[PDB]
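> First the structure, which I've put down as structure tokens, then a few questions once you've had a look.
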Ligand SMILES: N[C@@H](CCC(=O)O)C(=O)O
């Protein structure tokens, strides 16, 4: 009698994908354990989506360039940015 | 060099459930009652005789399953047939449409405010900020410097140090540090940078 | 579906930000801002005793 | 199967008892307050002070456009309505031992329970909307009211299930 | 036909091997530290130093409401339980060469494989959370775990499908 | 001017938001409950219409 | 130099940048996992019912 329902593995992957995206999924679990599984998954996707949209909205409101370096220690860890004192400057002799 | 000293700002450890914080406890509670009542009423009105009760699928369990689909806005497999059931559906739809929008809006605002904190930087705006207090050692050379220098910002610093009471002055470095440590955020201290570099 | 999910979210976020920026327009007031504002400019008549007073 | 009468006859009396007890106790809320501040307990009608020398002192509650809303809080009519309707609902099943074969004395039982629950819900919402205007928290009566509402719902559901079953078998 | 038994047993074996290797290798994380700053690599149990004079030195990890969550990271119980249950599942299907006509072996091993897989998600979540309590980049063991999880999620579906097919044929 | 104190005019300290109160949305609950109350009555009047 | 004993500072990468941490939404995953874990027992009791019809 087994396989009296649509929920093969392929169709299950399809349903869960459509459920994440908030899209029309025709088949229904019709059964307690399946409905239980369905519930929490909708709750999860709702929370995730709301968080994403909120955060992106905040991100576009205020901008901050962030300086790449701050310290002589960074100048010791230098990637490419060359540096030097004035020539003939007594700072050179100090160094 | 002379230096300013402050407490660390405390790190904003997340909570295990911090995501609920936009919406407050009472609403989260009352949603449950609204859900239960709506489901029960939908069942009752659906299964009172149409004139014969075998004519529709809206049994108790199906009635509980329909409403949960509606709240999370993921559609449904079945739709109520009669006028009364359609009324109930429309009402519940409007309710969820309001709630979900309010939640999203509030969360966005909550994150947004956090960005523009703009914490104290270069500390020179202690000549301009006034919510945060700052101290100086008694008899220290610093106590002479602010009377004896006359640059406008240090003039208003010295005016503050003159006028503010309980006084900015302190007898010892140890108990000044104790004052800063206990008076977290609101209080500050002036000291030699060498000593701060030892302490911190 | 993924394409839709990205686009609609971006639109909503941008519209909210756009309306939010306008609220903090905070126009010039009380002539106090002219102590600090320098994007504006201002001046007076010449030979007016306003100039002597100032 | 038949036995469902034995169950649904139980809960209604319990729900009545719980709800009336909840109306009758001075422990809906913990808050700062006074009885002419100190930590305080209150019911719907009155306030009594603890945690100090006056412990046991009491006074009647402070009763005092949206103005007309105030009457709703001041009366607290909704609890009372729910109690009376629940009583009527129980009397429905108490009646249905006689006048059998009508089947229709049962019908109204669920309606009374539903309406009482809706009233209880409104009452709670009103109470919160009024009082929230301080590290407060709720006293046991509040949860008694919630549980009472839930069980009233369940009893209504199973009573309607009984009227669905018992009448259908006559209809073939 | 049939040989899917071989494929599923191979899959279980490989998942078990990957999981035990992952639990047994100091390749979860690269970070800065000192085996009491230099580039440092971490297993779940121990901190070991490279890229310097102490290369090959190791020390026991520093393990020290969320008060109770602390012990959950320290025990790493979910990895161990996942391994134990995958071992259980694999050994069960290995017995299916005898004691036949009952078919409970296959369903039970399926449930074991599925529950074993779920366990590893918890383990990952726990580990990634606790380590936040910079500059980091994941070592190969993390991916050996991910692969073990993926293979565990694969094999159980095929085993349940085999049980269904070998049982359903009683319909014809 | 030496006695100027209230720099709070310039919002020298920044508020922080808090969660919505039940009052801030309470209105919608009344609408819902009223809708359900109306919804029950239709069924009875329908049944009485079909009582003959 | 021996006496300094605290140096933990954000380096290589930074916490403060923009993105939500896993911890910021951590709670939701536990609820999900528990939800999936519960539904097994329902099927098991459904089996235990029918298996002696
Ligand atoms: N002012 C410096 C020259 C600049 C420098 O030392 O870099 C001097 O007197 O020598």
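Numbering of chain A is taken from Swiss-Prot, so the residues present carry the numbers 586-680, in order.
Just so it is clear, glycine is given a Cβ too, placed from its N, Cα and C backbone atoms.
What Swiss-Prot records for this protein is below:
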- A:592-607: intramembrane segment (INTRAMEM)
- A:610: S-palmitoyl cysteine (LIPID)
- A:654: site 'Crucial to convey clamshell closure to channel opening' (SITE)
- A:611-616: topological domain 'Cytoplasmic' (TOPO_DOM)
- A:617-637: transmembrane segment (TRANSMEM)
> Roughly how many Å lie between the Cα atoms of residue A:654 (site 'Crucial to convey clamshell closure to channel opening') and residue A:610 (S-palmitoyl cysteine), rounded to a whole value?
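Residue A:610 (S-palmitoyl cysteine) has its Cα 51 Å from the Cα of residue A:654 (site 'Crucial to convey clamshell closure to channel opening').
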> Quick check on the recorded positions: of A:610, A:654, whose CB has the lowest count of neighbouring CB atoms inside 10 Å?
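Comparing Cβ neighbour counts within 10 Å for the recorded positions A:610, A:654 gives A:654.
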> Under an 8 Å Cβ to Cβ limit, what residues of the same chain, 6 or more beyond the ends of the topological domain 'Cytoplasmic' (A:611-616), are close to it?
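Residues 590-592, 596, 600, 622-623 contact the topological domain 'Cytoplasmic' (A:611-616) from elsewhere in the chain.
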> By DSSP assignment, list the helix, strand and coil residue numbers for the topological domain 'Cytoplasmic' (A:611-616), in that order.
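Summed by class, the stretch gives 0 helix, 0 strand, 6 coil.
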